[PDB]
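K.L.:
Okay, so the sequence shown: first residue is 4 according to the entry's author numbering, each after it adds one.
All C-beta atoms in this analysis are idealised placements derived from N, C-alpha and C, irrespective of residue type, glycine included.
Quick one: the structure is below, questions incoming.
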Amino acid sequence: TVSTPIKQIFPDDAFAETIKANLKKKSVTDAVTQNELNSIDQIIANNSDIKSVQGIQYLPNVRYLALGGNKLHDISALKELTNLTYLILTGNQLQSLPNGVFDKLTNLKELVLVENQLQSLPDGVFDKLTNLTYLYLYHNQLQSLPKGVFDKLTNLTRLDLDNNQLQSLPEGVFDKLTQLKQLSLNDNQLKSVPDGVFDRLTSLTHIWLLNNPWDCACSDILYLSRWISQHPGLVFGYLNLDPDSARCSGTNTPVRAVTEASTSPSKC
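Structure below.
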(Lines of atoms letter the chains of each structure in order from A and count residues from 1; the text may use other names and numbers.)
(Lines give C-alpha, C1' and ligand atoms only; values in the text may rest on other atoms or scores of the structure.)
Protein backbone atom coordinates (compact mmCIF):
# COMPACT_ATOMS: atom_id res chain seq x y z
CA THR A 1 0.00 0.00 0.00
CA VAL A 2 1.59 3.20 -1.26
CA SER A 3 1.73 6.21 0.99
CA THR A 4 2.80 9.43 -0.91
CA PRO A 5 3.26 13.09 0.36
CA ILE A 6 0.26 15.31 -0.53
CA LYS A 7 2.75 17.78 -2.21
CA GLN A 8 3.97 15.19 -4.68
CA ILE A 9 0.43 14.30 -5.78
CA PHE A 10 -0.76 17.97 -6.11
CA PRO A 11 2.07 20.00 -7.47
CA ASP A 12 0.32 23.42 -7.12
CA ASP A 13 1.27 24.47 -3.59
CA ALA A 14 -2.04 26.17 -3.05
CA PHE A 15 -4.07 23.11 -4.17
CA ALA A 16 -1.83 20.84 -1.98
CA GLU A 17 -2.69 23.09 1.01
CA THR A 18 -6.39 22.70 0.11
CA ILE A 19 -6.11 18.91 0.12
CA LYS A 20 -4.14 18.90 3.44
CA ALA A 21 -6.92 21.04 5.06
CA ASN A 22 -9.65 18.93 3.49
CA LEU A 23 -8.11 15.77 4.99
CA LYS A 24 -7.40 17.61 8.35
CA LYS A 25 -3.73 16.80 8.09
CA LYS A 26 -1.06 18.84 9.89
CA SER A 27 1.35 19.15 6.88
CA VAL A 28 1.47 19.03 3.03
CA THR A 29 4.40 16.65 3.47
CA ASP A 30 2.14 14.05 5.15
CA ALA A 31 1.95 10.77 3.16
CA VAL A 32 -1.49 9.78 1.94
CA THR A 33 -3.09 6.74 0.27
CA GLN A 34 -5.55 6.30 -2.63
CA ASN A 35 -8.03 5.14 -0.03
CA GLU A 36 -7.90 8.46 1.79
CA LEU A 37 -8.25 10.32 -1.54
CA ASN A 38 -11.30 8.16 -2.38
CA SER A 39 -12.94 9.49 0.77
CA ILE A 40 -13.13 13.10 -0.58
CA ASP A 41 -16.67 14.03 -1.72
CA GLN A 42 -16.30 17.85 -1.70
CA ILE A 43 -13.69 20.54 -2.20
CA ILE A 44 -14.44 24.16 -1.27
CA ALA A 45 -11.46 26.26 -2.14
CA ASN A 46 -12.41 29.85 -2.97
CA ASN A 47 -9.89 32.72 -3.34
CA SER A 48 -6.97 30.40 -2.65
CA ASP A 49 -4.53 31.29 -5.43
CA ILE A 50 -4.96 27.95 -7.16
CA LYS A 51 -3.28 27.96 -10.58
CA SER A 52 -3.57 24.21 -11.41
CA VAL A 53 -5.72 21.34 -10.15
CA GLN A 54 -3.29 18.75 -11.38
CA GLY A 55 -3.70 15.73 -9.12
CA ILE A 56 -7.48 16.07 -8.77
CA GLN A 57 -7.78 13.13 -11.24
CA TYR A 58 -7.17 10.95 -8.13
CA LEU A 59 -10.34 12.08 -6.44
CA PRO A 60 -12.95 9.82 -8.21
CA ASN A 61 -15.75 10.48 -5.72
CA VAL A 62 -15.77 14.29 -5.60
CA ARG A 63 -19.31 15.44 -6.22
CA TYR A 64 -19.17 19.11 -5.17
CA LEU A 65 -16.33 21.33 -6.39
CA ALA A 66 -16.17 25.05 -5.63
CA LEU A 67 -13.14 26.81 -7.05
CA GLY A 68 -14.25 30.47 -7.37
CA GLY A 69 -11.74 33.32 -7.49
CA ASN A 70 -8.62 31.36 -8.25
CA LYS A 71 -6.32 31.58 -11.32
CA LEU A 72 -7.31 28.47 -13.29
CA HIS A 73 -6.77 28.34 -17.04
CA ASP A 74 -7.13 24.63 -17.72
CA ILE A 75 -9.77 22.13 -16.42
CA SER A 76 -8.47 19.09 -18.36
CA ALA A 77 -7.94 17.32 -15.01
CA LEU A 78 -11.69 17.33 -14.28
CA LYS A 79 -12.63 15.32 -17.37
CA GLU A 80 -13.08 11.92 -15.75
CA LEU A 81 -14.57 13.08 -12.35
CA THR A 82 -17.80 11.25 -13.27
CA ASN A 83 -19.50 11.90 -9.89
CA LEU A 84 -19.23 15.71 -10.20
CA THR A 85 -22.61 17.23 -9.68
CA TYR A 86 -21.92 20.86 -8.76
CA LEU A 87 -19.01 22.54 -10.52
CA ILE A 88 -18.41 26.26 -9.64
CA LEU A 89 -15.59 27.93 -11.56
CA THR A 90 -16.56 31.59 -11.07
CA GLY A 91 -13.84 34.23 -11.55
CA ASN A 92 -11.11 32.08 -13.06
CA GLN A 93 -9.19 32.56 -16.40
CA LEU A 94 -10.63 29.86 -18.60
CA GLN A 95 -10.65 31.60 -21.89
CA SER A 96 -11.84 28.74 -24.07
CA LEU A 97 -13.33 25.32 -23.37
CA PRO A 98 -12.22 22.14 -25.19
CA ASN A 99 -15.04 20.49 -27.28
CA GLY A 100 -16.32 17.69 -25.05
CA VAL A 101 -14.47 18.76 -21.82
CA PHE A 102 -17.84 18.07 -20.00
CA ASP A 103 -18.74 14.90 -21.93
CA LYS A 104 -18.19 12.38 -19.14
CA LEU A 105 -19.61 14.68 -16.44
CA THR A 106 -23.08 13.32 -16.92
CA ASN A 107 -24.31 13.97 -13.35
CA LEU A 108 -23.76 17.67 -13.46
CA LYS A 109 -26.73 19.56 -12.04
CA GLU A 110 -25.20 22.98 -11.56
CA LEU A 111 -22.44 24.37 -13.83
CA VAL A 112 -21.17 27.91 -13.10
CA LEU A 113 -18.76 29.41 -15.66
CA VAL A 114 -19.25 33.13 -14.66
CA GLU A 115 -16.36 35.57 -15.16
CA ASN A 116 -14.05 33.49 -17.24
CA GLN A 117 -13.08 34.97 -20.32
CA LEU A 118 -15.23 32.97 -22.61
CA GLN A 119 -15.62 34.31 -26.13
CA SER A 120 -17.31 31.27 -27.68
CA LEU A 121 -18.87 28.00 -26.73
CA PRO A 122 -18.08 24.79 -28.67
CA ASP A 123 -20.93 23.18 -30.50
CA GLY A 124 -22.54 20.48 -28.37
CA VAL A 125 -20.32 21.45 -25.35
CA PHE A 126 -23.36 20.76 -23.06
CA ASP A 127 -24.87 17.82 -25.01
CA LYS A 128 -24.08 15.12 -22.46
CA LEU A 129 -25.35 17.18 -19.53
CA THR A 130 -28.90 15.90 -19.58
CA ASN A 131 -29.47 16.37 -15.84
CA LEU A 132 -28.32 19.99 -15.79
CA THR A 133 -30.70 22.28 -13.83
CA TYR A 134 -28.76 25.57 -13.39
CA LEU A 135 -26.45 26.81 -16.14
CA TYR A 136 -24.75 30.16 -15.30
CA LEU A 137 -22.73 31.86 -18.06
CA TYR A 138 -23.00 35.47 -17.14
CA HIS A 139 -20.24 38.03 -17.17
CA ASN A 140 -18.33 36.54 -20.05
CA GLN A 141 -17.56 37.81 -23.56
CA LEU A 142 -19.74 35.61 -25.70
CA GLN A 143 -20.70 37.20 -29.06
CA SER A 144 -22.92 34.45 -30.35
CA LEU A 145 -24.27 31.06 -29.44
CA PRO A 146 -24.14 27.78 -31.44
CA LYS A 147 -27.30 26.46 -33.01
CA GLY A 148 -28.94 23.87 -30.80
CA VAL A 149 -26.37 24.48 -27.94
CA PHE A 150 -29.07 24.01 -25.27
CA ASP A 151 -31.10 21.27 -27.06
CA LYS A 152 -30.26 18.30 -24.81
CA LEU A 153 -30.76 20.39 -21.67
CA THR A 154 -34.36 19.26 -21.17
CA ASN A 155 -34.30 19.52 -17.37
CA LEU A 156 -32.87 23.05 -17.33
CA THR A 157 -34.66 25.45 -15.05
CA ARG A 158 -32.24 28.45 -14.93
CA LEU A 159 -30.10 29.79 -17.79
CA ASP A 160 -28.19 32.97 -17.13
CA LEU A 161 -26.63 34.62 -20.22
CA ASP A 162 -26.61 38.18 -18.91
CA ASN A 163 -23.56 40.48 -19.20
CA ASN A 164 -22.06 39.05 -22.36
CA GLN A 165 -21.70 40.64 -25.78
CA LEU A 166 -24.44 38.66 -27.65
CA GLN A 167 -25.20 40.25 -30.98
CA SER A 168 -28.11 37.93 -31.85
CA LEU A 169 -29.76 34.67 -30.75
CA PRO A 170 -30.08 31.61 -33.12
CA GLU A 171 -33.58 30.73 -34.13
CA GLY A 172 -35.20 28.20 -31.92
CA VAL A 173 -32.27 28.32 -29.41
CA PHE A 174 -34.57 27.82 -26.41
CA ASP A 175 -37.15 25.51 -27.98
CA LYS A 176 -36.21 22.38 -26.00
CA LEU A 177 -36.22 24.13 -22.59
CA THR A 178 -39.88 23.47 -21.53
CA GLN A 179 -38.96 23.33 -17.87
CA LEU A 180 -37.07 26.70 -17.98
CA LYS A 181 -38.16 29.02 -15.16
CA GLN A 182 -35.50 31.71 -15.37
CA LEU A 183 -33.72 33.22 -18.38
CA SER A 184 -31.42 36.27 -18.18
CA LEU A 185 -30.47 38.15 -21.41
CA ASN A 186 -29.79 41.60 -19.92
CA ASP A 187 -26.65 43.64 -20.64
CA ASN A 188 -25.89 42.30 -24.06
CA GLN A 189 -25.87 43.77 -27.59
CA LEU A 190 -29.19 42.35 -28.83
CA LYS A 191 -31.10 44.44 -31.34
CA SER A 192 -33.96 42.02 -31.87
CA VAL A 193 -34.85 38.43 -31.08
CA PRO A 194 -35.93 35.79 -33.58
CA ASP A 195 -39.62 35.32 -34.29
CA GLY A 196 -41.00 32.80 -31.86
CA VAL A 197 -37.87 32.43 -29.67
CA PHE A 198 -39.75 32.32 -26.32
CA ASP A 199 -42.75 30.42 -27.49
CA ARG A 200 -41.87 26.97 -26.11
CA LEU A 201 -40.99 28.49 -22.68
CA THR A 202 -44.18 27.19 -21.03
CA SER A 203 -42.73 27.22 -17.59
CA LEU A 204 -41.10 30.64 -17.61
CA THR A 205 -41.50 32.75 -14.51
CA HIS A 206 -38.69 35.38 -14.84
CA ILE A 207 -36.93 36.83 -17.86
CA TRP A 208 -34.55 39.80 -17.93
CA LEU A 209 -34.17 41.96 -21.04
CA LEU A 210 -32.76 45.34 -19.91
CA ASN A 211 -29.59 46.99 -21.11
CA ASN A 212 -29.78 45.82 -24.70
CA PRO A 213 -29.76 48.30 -27.64
CA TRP A 214 -33.21 47.20 -28.91
CA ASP A 215 -33.77 48.50 -32.50
CA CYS A 216 -37.36 49.71 -32.22
CA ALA A 217 -37.41 51.31 -35.67
CA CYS A 218 -36.99 47.90 -37.40
CA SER A 219 -40.06 45.67 -37.81
CA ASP A 220 -38.34 42.51 -36.47
CA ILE A 221 -38.84 44.20 -33.00
CA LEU A 222 -42.59 43.36 -33.18
CA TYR A 223 -42.36 39.75 -31.89
CA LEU A 224 -40.51 41.05 -28.75
CA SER A 225 -42.76 44.07 -28.34
CA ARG A 226 -45.92 41.97 -28.59
CA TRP A 227 -44.47 39.17 -26.42
CA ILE A 228 -43.60 41.60 -23.54
CA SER A 229 -47.06 43.16 -23.83
CA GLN A 230 -48.67 39.68 -23.47
CA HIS A 231 -46.33 38.57 -20.65
CA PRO A 232 -45.63 41.61 -18.47
CA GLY A 233 -45.83 39.53 -15.20
CA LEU A 234 -42.69 37.55 -16.34
CA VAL A 235 -40.44 40.58 -17.18
CA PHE A 236 -38.10 41.61 -14.36
CA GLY A 237 -35.70 44.44 -13.71
CA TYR A 238 -32.84 44.02 -11.21
CA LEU A 239 -35.13 43.95 -8.18
CA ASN A 240 -38.78 43.17 -9.00
CA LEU A 241 -41.04 43.22 -12.02
CA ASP A 242 -40.45 45.84 -14.64
CA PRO A 243 -41.95 45.20 -18.12
CA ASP A 244 -40.76 48.68 -19.21
CA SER A 245 -37.05 47.84 -18.57
CA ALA A 246 -36.55 46.66 -22.16
CA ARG A 247 -35.84 50.05 -23.70
CA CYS A 248 -35.56 51.28 -27.29
CA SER A 249 -32.11 52.43 -28.30
CA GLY A 250 -31.94 56.22 -28.76
CA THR A 251 -35.38 57.18 -27.54
CA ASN A 252 -35.17 55.19 -24.30
CA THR A 253 -38.91 54.46 -24.46
CA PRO A 254 -40.31 50.93 -23.62
CA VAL A 255 -40.07 48.20 -26.24
CA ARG A 256 -43.52 47.00 -25.19
CA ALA A 257 -45.06 50.36 -26.23
CA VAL A 258 -43.86 50.15 -29.88
CA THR A 259 -46.70 50.21 -32.54
CA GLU A 260 -46.58 48.34 -35.89
CA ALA A 261 -47.03 51.81 -37.44
CA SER A 262 -43.82 53.25 -35.97
CA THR A 263 -41.62 50.49 -37.43
CA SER A 264 -40.78 49.57 -41.06
CA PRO A 265 -39.14 46.53 -42.72
CA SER A 266 -36.70 48.81 -44.52
CA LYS A 267 -34.79 49.64 -41.25
CA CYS A 268 -33.30 46.14 -40.72
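1) From the DSSP secondary-structure annotation, give me the bridge partner or partners of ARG161.
2) Distance check for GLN60 and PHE239, CA to CA, integer angstroms please.
3) Which residue marks the beginning of the beta strand (DSSP E) containing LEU68, and which one marks its end?
4) May I ask you to report which of helix, strand or coil DSSP gives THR262?
5) Taking just the CA atoms, how far does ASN191 sit from residue 284?
6) Around the C-beta of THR21, are 16 or more other C-beta atoms found within 10 angstroms, so that it is buried, or is it exposed?
7) Applying the 10 Å Cβ sphere with the 16-neighbour rule, what's the burial state of residue 273?
8) Would you mind sorting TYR139 into buried or exposed? The rule is 16 or more other CB atoms within 10 Å of its CB.
9) How about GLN185 and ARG203: do their beta carbons lie closer than 7 Å?
10) Rounding to the nearest angstrom, what Cα-Cα distance links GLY175 and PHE153 in this structure?
11) Give every residue of the same chain whose Cβ lies closer than 7 Å to the Cβ of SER147, excluding the five residues on either side of it in the sequence, and list them in chain order.
12) Consult DSSP for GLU113 and reduce its assignment to one of helix, strand or coil.
13) By a C-beta neighbour count over all protein chains shown, 10 Å radius and 16 as the cutoff for buried, is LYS10 buried or exposed?
14) Could you pull the start and end residues of the alpha helix (DSSP H) that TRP230 belongs to?
15) Kindly identify the DSSP beta-bridge partner or partners of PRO257.
16) Quickly, what does DSSP pair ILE46 with across the bridge? List them, please.
17) Can you tell me which of the three DSSP states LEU90 falls into?
18) Taking a contact to mean a Cβ-Cβ separation below 7 Å, would you say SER187 touches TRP211 in this structure?
19) Start and end of the alpha helix (DSSP H) containing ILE12?
20) I'd like to confirm the pairing. Which residues does DSSP put opposite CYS221 in its beta bridges?
21) Look at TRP217 and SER248 and say whether their C-beta atoms are less than 7 Å apart.
22) Kindly indicate which residue of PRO8, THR133, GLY199, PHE129 has the alpha-carbon position closest to the one of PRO149.
23) Between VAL35 and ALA19, how many whole angstroms is the CB-CB distance? I'm expecting something under 8 Å.
24) Does DSSP put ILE210 in a helix, in a strand, or in coil?
25) In three-state DSSP terms, what is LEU244?
26) Can you tell me whether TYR141 is buried or exposed? The criterion is at least 16 other CB atoms within 10 Å of its CB, across all chains shown.
P.N.:
So, to answer that:
1) Per DSSP, the beta bridge partners of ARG161 are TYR137, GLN185.
2) Distance between the alpha carbons of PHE239 and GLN60 is about 42 Å.
3) Per DSSP, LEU68 belongs to the beta strand (DSSP E) from 67 to 69.
4) Of the three classes helix, strand and coil, the one that applies to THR262 here is coil, per DSSP.
5) The structure shown does not extend to residue 284, since the chain is modelled only from 4 to 271, so the question has no answer here.
6) With 16 or more Cβ atoms within 10 Å of its Cβ, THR21 is classed as buried.
7) Coverage of the chain is limited to positions 4 through 271, which leaves residue 273 absent and any answer about it impossible.
8) Under this definition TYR139 is a buried residue.
9) Contact check for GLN185 against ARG203 fails: the beta carbons are separated by 7 Å or more.
10) If you draw a straight line from the Cα of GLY175 to the Cα of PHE153, it is about 10 Å long.
11) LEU169, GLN170, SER171.
12) Of the three classes helix, strand and coil, the one that applies to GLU113 here is strand, per DSSP.
13) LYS10 sits buried, since 16 or more C-beta atoms from the chains shown fall within 10 Å of its C-beta.
14) Residues 225 to 233.
15) Its beta-bridge partners are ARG250.
16) According to DSSP, which records beta bridges pairwise, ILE46 is partnered with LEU68.
17) Note: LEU90 maps to strand in three-state DSSP.
18) The answer is yes: Cβ separation under 7 Å.
19) Segment 9 to 12, the alpha helix (DSSP H) holding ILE12.
20) The partner list for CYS221 (beta bridge, DSSP) reads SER267.
21) Going by C-beta atoms, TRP217 is not nearer than 7 Å to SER248.
22) Looking at the Cα atoms, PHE129 is the closest of the given residues.
23) At roughly 11 Å, the Cβ-Cβ gap does not stay under 8 Å, so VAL35 and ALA19 are not in contact.
24) DSSP places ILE210 in the strand class (E or B) of the three-state scheme.
25) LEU244: strand per DSSP, three-state reduction.
26) It counts as buried.
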